[PDB]
Amino acid sequence: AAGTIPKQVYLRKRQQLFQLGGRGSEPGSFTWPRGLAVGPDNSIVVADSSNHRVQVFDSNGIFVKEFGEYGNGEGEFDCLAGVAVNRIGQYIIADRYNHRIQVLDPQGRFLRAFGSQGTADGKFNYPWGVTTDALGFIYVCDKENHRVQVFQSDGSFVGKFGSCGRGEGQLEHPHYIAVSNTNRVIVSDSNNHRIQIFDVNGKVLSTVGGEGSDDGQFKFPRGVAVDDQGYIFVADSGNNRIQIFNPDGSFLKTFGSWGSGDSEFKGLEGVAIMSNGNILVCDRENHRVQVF
């Protein structure tokens with residue numbers, strides 16, 4: 001991989017390499033998938049929301065394992081949306097309709113849960129959307145509280161930031177986030193049609209994009225990912241596009257349109273980026289994950 005020019009790789013993005021899913025509840029099928037994440041060896045981890053489960057695939061698409069079932073018990077999920085994998089390989093699920101986070105081990109066995117519905121510190125309204133920083137700190141978007149709450153690996157509350165509003169440092173219904181290896185917190189601020197970037201302590205660092213349909217503009221951004229150089233990847237759901245941004249925030253590339261064939265989307269949700277430049281998009285109403 002030594003001579004790779006990332007910018008050139010990203011600018012060639014359009015044609016799907018392969019896809020995953022198809023409607024159903026058997027292993028390898030999805031129902032209305034929302035969050036996805038990449039794992040250690042570039043594994044593809046899918047929040048299979050309406051099947052109340054996570055499914056894990058290797059970097060070439062081969063199904064590996066699934067875990068979870070409907071419920072409010074330990075290791076059960078109501079209608080999960082967000083998923084993530086930390087450096088230790090344990091699975092971190094935003095169990096949306098139970099208003100809690102569950103952390104499972106690399107084999108999908110239950111380790112701990114935390115949170116319940118509420119506005120208070122450590123309490124969530126509709127969690128939807130989670131990620132991990134290098135030290136194992138958990139960052140949640142509780143969508144309906146218009147904020148980001150950060151926890152320790154054991155669930156201990158640590159801090160929070162953002163609040164309802166349309167201004168500097170505010171959020172309206174944020175769905176998805178990512179933390180870069182620079183420890184900048186990258187929040188898709190859905191209804192403000194913008195990407196918000198904070199440091200770990202809640203200080204606004206910059207803003208990417210704004211409302212519109214031109215290059216560099218968003219209509220209801222959903223999934224976000226960041227690569228190891230700071231390229232930012234956005235599911236521009238309102239405009240039926242993936243957008244890619246240079247590490248300085250400037251528009252680089254866009255691809256996709258409303259549809260259900262190769263490179264077409266309906267209901268863009270989560271987004272993830274493999275360390276080889278493969279972009280992963282969750283295509284909710286087509287019950288599939290597409291890889292570019």
# chains A, B, ... in the order shown; residues from 1 in each chain; ligands from 1
$ residues_around --residues "residue 90 of chain A" --least-positions-apart "5" --cutoff "6 Å" --atoms "only C-alpha atoms" --output "JSON, numbers by chain"
{"A": [85, 104, 105, 106]}
$ write_last_selection --atoms "N, CA, C and O atoms" --output "compact mmCIF listing (two decimals), in the first residue's frame"
# COMPACT_ATOMS: atom_id res chain seq x y z
N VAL A 85 -17.18 -0.36 17.58
CA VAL A 85 -16.24 -1.36 18.05
C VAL A 85 -15.00 -0.62 18.53
O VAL A 85 -14.46 0.23 17.81
N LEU A 104 -20.88 -5.26 24.66
CA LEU A 104 -20.73 -6.70 24.62
C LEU A 104 -19.29 -7.01 24.28
O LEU A 104 -18.54 -6.11 23.87
N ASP A 105 -18.89 -8.26 24.45
CA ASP A 105 -17.50 -8.64 24.20
C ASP A 105 -17.32 -9.11 22.76
O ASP A 105 -18.29 -9.23 21.99
N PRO A 106 -16.09 -9.38 22.34
CA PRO A 106 -15.85 -9.69 20.92
C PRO A 106 -16.65 -10.86 20.39
O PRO A 106 -16.64 -11.08 19.17
$ residues_around --residues "residue 46 of chain A" --least-positions-apart "3" --cutoff "8 Å" --atoms "only C-alpha atoms" --output "MDAnalysis selection string"
chainID A and resid 33:37 54:56 83
$ atom_distance --atom1 "atom CA of residue 249 of chain A" --atom2 "atom CA of residue 135 of chain A"
25.3 Å
$ select_by_dssp --residues "segment 18-140 of chain A" --states "helix (DSSP H, G or I)" --output "list in words"
residues 49, 50, 51, 96, 97 and 98 of chain A
$ residues_around --residues "residue 12 of chain A" --least-positions-apart "6" --cutoff "12 Å" --atoms "only C-alpha atoms" --output "PDB file with C-alpha atoms, in the first residue's frame"
ATOM      1  CA  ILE A   5      -2.551   8.628  -2.963  1.00  0.00           C
ATOM      2  CA  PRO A   6      -5.763   8.798  -0.901  1.00  0.00           C
ATOM      3  CA  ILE A 244     -16.298  13.295   0.797  1.00  0.00           C
ATOM      4  CA  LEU A 252     -13.740  16.775  -2.544  1.00  0.00           C
ATOM      5  CA  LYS A 253     -16.176  14.360  -4.202  1.00  0.00           C
ATOM      6  CA  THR A 254     -19.803  13.270  -4.327  1.00  0.00           C
ATOM      7  CA  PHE A 255     -21.470  10.179  -5.739  1.00  0.00           C
ATOM      8  CA  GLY A 277     -10.224   3.483   1.501  1.00  0.00           C
ATOM      9  CA  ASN A 278     -13.296   1.289   1.019  1.00  0.00           C
ATOM     10  CA  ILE A 279     -16.363   3.377   1.876  1.00  0.00           C
ATOM     11  CA  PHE A 292     -17.134   1.386  -2.468  1.00  0.00           C
TER      12      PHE A 292
END
$ closest_residue --among "A:214, A:236, A:228, A:168" --to "residue 188 of chain A" --atoms "only C-alpha atoms"
A:236
$ residues_around --residues "residue 28 of chain A" --least-positions-apart "6" --cutoff "10 Å" --atoms "only C-alpha atoms" --output "ChimeraX atom specification"
/A:20-22,48,55-57,61-66,288
$ write_last_selection --atoms "N, CA, C and O atoms" --output "compact mmCIF listing (two decimals), in the first residue's frame"
# COMPACT_ATOMS: atom_id res chain seq x y z
N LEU A 20 -24.20 -6.24 0.37
CA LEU A 20 -24.59 -7.16 1.43
C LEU A 20 -26.06 -6.95 1.73
O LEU A 20 -26.58 -5.85 1.58
N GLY A 21 -26.73 -8.02 2.13
CA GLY A 21 -28.10 -7.94 2.60
C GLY A 21 -29.14 -8.34 1.56
O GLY A 21 -28.93 -9.24 0.77
N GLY A 22 -30.23 -7.61 1.52
CA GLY A 22 -31.44 -8.10 0.93
C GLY A 22 -32.43 -8.31 2.07
O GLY A 22 -32.06 -8.68 3.20
N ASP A 48 -28.70 -4.13 12.54
CA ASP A 48 -29.81 -4.62 11.70
C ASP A 48 -31.13 -4.29 12.40
O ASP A 48 -31.85 -5.16 12.88
N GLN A 55 -25.13 -7.85 12.97
CA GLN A 55 -24.48 -8.88 12.16
C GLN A 55 -23.07 -8.44 11.78
O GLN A 55 -22.84 -7.26 11.47
N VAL A 56 -22.13 -9.39 11.79
CA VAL A 56 -20.72 -9.10 11.55
C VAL A 56 -20.24 -9.89 10.35
O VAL A 56 -20.53 -11.08 10.21
N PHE A 57 -19.51 -9.20 9.48
CA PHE A 57 -18.97 -9.76 8.24
C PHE A 57 -17.50 -9.42 8.16
O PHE A 57 -17.05 -8.39 8.70
N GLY A 61 -16.97 -9.44 2.89
CA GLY A 61 -18.39 -9.67 2.84
C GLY A 61 -18.86 -10.98 3.43
O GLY A 61 -20.07 -11.13 3.63
N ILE A 62 -17.96 -11.90 3.76
CA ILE A 62 -18.38 -13.21 4.25
C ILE A 62 -19.00 -13.05 5.63
O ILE A 62 -18.41 -12.44 6.53
N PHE A 63 -20.20 -13.62 5.82
CA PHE A 63 -20.89 -13.49 7.09
C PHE A 63 -20.07 -14.19 8.14
O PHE A 63 -19.43 -15.21 7.87
N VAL A 64 -20.04 -13.62 9.34
CA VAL A 64 -19.26 -14.15 10.45
C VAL A 64 -20.17 -14.61 11.60
O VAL A 64 -20.18 -15.79 11.96
N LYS A 65 -20.93 -13.68 12.18
CA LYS A 65 -21.76 -14.00 13.33
C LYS A 65 -22.82 -12.92 13.51
O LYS A 65 -22.69 -11.80 13.03
N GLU A 66 -23.86 -13.27 14.26
CA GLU A 66 -24.89 -12.33 14.64
C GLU A 66 -25.13 -12.45 16.13
O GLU A 66 -24.83 -13.47 16.75
N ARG A 288 -29.84 -3.05 2.43
CA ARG A 288 -28.52 -3.47 1.99
C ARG A 288 -27.43 -2.56 2.55
O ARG A 288 -27.67 -1.41 2.94
$ select_by_dssp --residues "segment 172-227 of chain A" --states "strand (DSSP E or B)" --output "list in words"
residues 177, 178, 179, 184, 185, 186, 187, 188, 189, 194, 195, 196, 197, 198, 199, 204, 205, 206, 207, 208, 211, 218, 221, 222, 223, 224, 225 and 226 of chain A
$ atom_distance --atom1 "atom CA of residue 103 of chain A" --atom2 "atom CA of residue 86 of chain A"
10.0 Å
$ decode --residues "segment 117-130 of chain A" --atoms "N, CA and C atoms" --output "compact mmCIF listing (two decimals), in the first residue's frame"
# COMPACT_ATOMS: atom_id res chain seq x y z
N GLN A 117 -34.17 6.25 30.12
CA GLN A 117 -34.73 7.47 29.52
C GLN A 117 -34.79 8.73 30.39
N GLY A 118 -34.30 9.87 29.88
CA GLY A 118 -34.42 11.08 30.69
C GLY A 118 -33.79 12.48 30.74
N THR A 119 -33.12 13.08 29.75
CA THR A 119 -32.72 14.45 30.17
C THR A 119 -31.64 14.63 31.23
N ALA A 120 -31.71 13.91 32.34
CA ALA A 120 -30.65 13.95 33.34
C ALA A 120 -29.33 13.43 32.77
N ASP A 121 -28.23 13.75 33.46
CA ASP A 121 -26.92 13.18 33.11
C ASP A 121 -26.98 11.66 33.15
N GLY A 122 -26.45 11.02 32.10
CA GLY A 122 -26.46 9.58 31.97
C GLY A 122 -27.75 9.01 31.44
N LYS A 123 -28.72 9.86 31.15
CA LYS A 123 -30.05 9.47 30.71
C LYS A 123 -30.24 9.98 29.29
N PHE A 124 -30.99 9.22 28.50
CA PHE A 124 -31.08 9.44 27.07
C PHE A 124 -32.53 9.53 26.66
N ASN A 125 -32.81 10.28 25.60
CA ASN A 125 -34.17 10.15 25.12
C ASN A 125 -34.21 9.13 23.99
N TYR A 126 -33.60 9.37 22.85
CA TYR A 126 -33.57 8.25 21.89
C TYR A 126 -32.15 8.06 21.39
N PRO A 127 -31.38 7.21 22.06
CA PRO A 127 -29.93 7.20 21.84
C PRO A 127 -29.51 7.24 20.38
N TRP A 128 -29.92 6.34 19.50
CA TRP A 128 -29.50 6.55 18.09
C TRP A 128 -28.07 7.02 17.75
N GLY A 129 -27.03 6.16 17.70
CA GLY A 129 -25.75 6.68 17.19
C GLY A 129 -24.57 6.81 18.16
N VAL A 130 -23.56 5.95 18.02
CA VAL A 130 -22.49 5.82 19.02
C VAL A 130 -21.14 5.51 18.35
